[PDB]
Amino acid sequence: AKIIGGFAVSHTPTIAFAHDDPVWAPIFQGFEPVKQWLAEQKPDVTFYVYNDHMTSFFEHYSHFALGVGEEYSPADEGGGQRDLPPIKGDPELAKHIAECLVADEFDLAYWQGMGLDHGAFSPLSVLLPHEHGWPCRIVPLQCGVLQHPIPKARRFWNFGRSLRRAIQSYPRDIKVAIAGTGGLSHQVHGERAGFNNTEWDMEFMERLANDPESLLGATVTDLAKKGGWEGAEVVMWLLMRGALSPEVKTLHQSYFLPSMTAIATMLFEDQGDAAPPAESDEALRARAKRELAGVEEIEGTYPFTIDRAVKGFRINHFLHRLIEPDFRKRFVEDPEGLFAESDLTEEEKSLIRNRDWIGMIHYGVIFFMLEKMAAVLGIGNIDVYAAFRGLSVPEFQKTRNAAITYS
């Protein structure tokens, strides 16, 4: 319910290839005014804004993909999975922001179970004591900055403005940290590959702390030019800085340009507000809940909200694979071998084994995986409907105008 402040930090696979000297040591302590501040505050959760560099987001690619799931392992980036402990997520804070954001006409994606690559883990494993677990929980916002067109900077800034008061209206009194990673001036493709611009970096940083809104007119061009093509991903800093106070105070501001990137780092301390907010936090809580208010009075109905998807995820994911003609062939011949290899708990196993249709709907399975499972078992949709209504298929077809069957 309260925002402690947000760190802007480069994410780079070189901070992770090596870490994991005359040239390194000066930036490792341009960093830790905030192993420090992440450890005296010890945030409950960190809203983490980053960019997947075409590892877990490619064939289907989103502009603002909120992470909603329980844990996040290291994405295998082509160099094997980096030995790190799975860091926890925060589904109910994830859910709550999704409700405020959609309510304020931001179109999200939601994702679960996919690796986090160096976009997240490289600066993390240097800001955070990651020896057996990580000191806080994570709400990853994966932005879509690589495949144009992409949201305008003003759209980034505004998302941040909404996100902030989405975190403020959260009913649990915890503290949250923001993190808009990425940047700064660099290009890593084309004949321009090596470009930098430190005359811009310094202006963008001083302006991004004391006057961000003068950055709201910047097109991709102005950005691509003043900082490299890939350096325009600092739209994600205008996101992060959006969710902080109007006025703030930089209690740190390091910067060093070694090999590939301008590696900078801005630490913000959240002041209070510019005034009370226009709409109260309960009236915001009211508005985020309006679309599904009193859905509880509908019976025999199990809304597939984020919380149900997280609870359902392992059995859902498992049953989703029936679309693979090879998975679904073992499912019929050697169901146990499939079970033993799964990561399905034992009631989940029983539910499928028993073909307990109504039980899966209660438990969290979404119908359309059962549609698939029915079809794989050569029993139609109708038998599932019948079994939902505790009726025999003939007693159920009596309730329809005609008796058709289908797969």
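Residue numbers here begin at 1 and follow the sequence given.
Scan the PDB entry between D20 and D21 and report the missing deposited residues as one of none, 1 to 3, 4 to 9, 10 or more.
Missing residues, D20 to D21: 4 to 9.
Take the C-alpha B-factors listed in the entry for 149-157 and for 197-205, compute each mean, and give the stretch with the larger one.
That would be 197-205.
Looking at the deposited entry, does 136-144 or 262-270 carry the larger mean Cα B-factor?
Result: 262-270.
So among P129, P325, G294, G300, who wins on Cα B-factor in the entry?
Spelled out: the listed residue with the top C-alpha B-factor is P129.
Which is it among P91, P74, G312, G242: the one with the largest CA B-factor in the entry?
Each of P91, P74, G312, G242 was compared by C-alpha B-factor; the highest is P74.
Please say which third, lowest, middle or highest, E341 falls into when its CA temperature factor is compared across its chain.
Answer is middle: the recorded C-alpha B-factor places it there.
Chain third (lowest, middle, highest) by recorded CA B-factor, residue given as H189
Tercile = middle for this residue's CA B-factor.
Within this chain's modelled residues, let me know which third the CA B factor of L163 belongs to: lowest, middle or highest.
Tercile = middle for this residue's CA B-factor.
Among modelled residues of the same chain, the CA temperature factor third for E347
For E347, the deposited C-alpha B-factor lands in the middle third.
Chain-wide C-alpha B factor ranking for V45, given as lowest, middle or highest third:
For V45, whose C-alpha B-factor we compare with every modelled residue in the chain, the answer is the middle third.
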